[PDB]
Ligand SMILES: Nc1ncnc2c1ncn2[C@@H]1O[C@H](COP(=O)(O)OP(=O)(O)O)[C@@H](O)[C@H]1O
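The chain below stands alone, shown as structure tokens; this is the form deposited without this ligand.
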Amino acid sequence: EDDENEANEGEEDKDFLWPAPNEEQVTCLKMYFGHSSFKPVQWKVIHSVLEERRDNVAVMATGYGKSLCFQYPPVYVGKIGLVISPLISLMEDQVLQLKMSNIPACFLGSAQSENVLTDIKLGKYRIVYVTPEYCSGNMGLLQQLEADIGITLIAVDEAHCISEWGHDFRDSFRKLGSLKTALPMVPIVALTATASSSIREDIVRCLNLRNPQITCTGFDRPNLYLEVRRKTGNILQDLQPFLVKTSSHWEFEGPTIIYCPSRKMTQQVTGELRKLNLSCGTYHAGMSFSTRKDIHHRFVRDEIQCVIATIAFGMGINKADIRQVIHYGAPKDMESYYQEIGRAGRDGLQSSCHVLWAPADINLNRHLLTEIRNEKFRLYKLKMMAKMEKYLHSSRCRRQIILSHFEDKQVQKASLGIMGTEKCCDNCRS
């Protein structure tokens, strides 16, 4: 019988990934993991490990889609991956699942060494699970495996356990600081369910990670309300609905970021809000380091209510009480949009994310993309613009579209009490 009915009339897996997984990467994913496609975050982590050997901190709310990020890379290159974890029963479960998928894998510890260690040294295992206690006393073994086989990655699960400041400190994690000393060229993928910026900083310091890629996925973010609205042809007409008059000035409900495509538009929008004596500042790459760091400082100190910025603004901010994100103009693509709205309401309190768009917007202009001479990049950019256009045009649940694109199916299936309600999105309200 038919297992799915996903195909739609007038629509034509790899599309929204840059660069695209190659044919053998997809064959490997189907053969060894029983999946047809990578989710964007899975590909971000996997590609960063394989092609850049880049350290990662991957915050993942649950195990749903998590294991692929550290299991896939060593399976594809046919070398070895190390998984460091204190979760013995889960490690045993994953080892058995790997064996049943015809991936040679084992649990290495003192009591298991007689059975598996010689075979690990001879490169017979793709994936080896070890405790931090065992790992701490065997840096010499890891150096031998790096020399004779090549370690694709070291995964550190429950990575928050390295922080004295967290709620689950393990003495056993302290010595994992030595991994980067012993193995400076082996990328570490640190995994945790804690989205705390403070704990992330502790993990990066304690594991000596170098410019790590930070991702945060597996969350349904029920406190983010999503709306797409047409521009009215006037900045003040467009932004007046967001404003409240108090004393002899206008303000937003709370701390607000307005993302504009152009530097010109950030100055144009700032100018209009300044006329209302609204507490705000501009942020783009055309400003100096001094001015940019001051805008950041004043926003964190709540000395400005609103930052009117290009998408240069965001990565540096850990601010938990962003009440409103406005995309003033169509966003660059759904990837950029997801990164930008993800910064809203990190305190878990009610926030709103509005796109104000026109069919005329620069990020919907095909002319700029047709000028791209590289065929693969041109077609990718056109596919991303089309996907962004489809989101803006949709009458379907905005949350369902974003979760379907970016998250494991479980985030939709585990999402209870927001989708279809008045607080979900404009399309669920109406």
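Sequential numbering from 1, following the sequence displayed.
The discussion below concerns the form deposited with this ligand bound, not included here.
A.B. asks: Three or more ligand atoms within 2.4 Å of the backbone or C-beta would mean blocked. So with this ligand superimposed as it binds in the bound PDB entry, which is it here, open or blocked?
C.D. replies: Site status: blocked.
A.B. asks: Out of the stretches listed (265-273, 343-351, 74-82, 287-295), which one is close to this ligand in the bound PDB entry, meaning heavy atoms within 4.5 Å?
C.D. replies: Result of the contact check: 343-351.
A.B. asks: Is it true that 37, 42 and 68 each have at least one non-hydrogen atom within 4.5 Å of this ligand in the bound PDB entry?
C.D. replies: Checking in the bound PDB entry: 37, 42 and 68 are all within 4.5 Å of this ligand.
A.B. asks: Report yes if any heavy atom of residue 64 sits within 4.5 Å of a heavy atom of this ligand in the bound PDB entry; otherwise report no.
C.D. replies: Yes, contact at 4.5 Å.
A.B. asks: Work out whether the Cα atoms of residue 29 and residue 400 come closer together or move farther apart in the bound PDB entry than they are in this form, the change being 3 angstroms or more.
C.D. replies: Farther is correct, given that in the bound PDB entry the C-alpha spacing of residue 29 to residue 400 is increased by at least 3 Å.
A.B. asks: Taking the shown form as reference, are the C-alpha positions of residue 341 and residue 65 brought closer or pushed farther apart in the bound PDB entry, with a change of 3 Å or more?
C.D. replies: They are closer; the C-alpha distance drops by 3 Å or more in the bound PDB entry.
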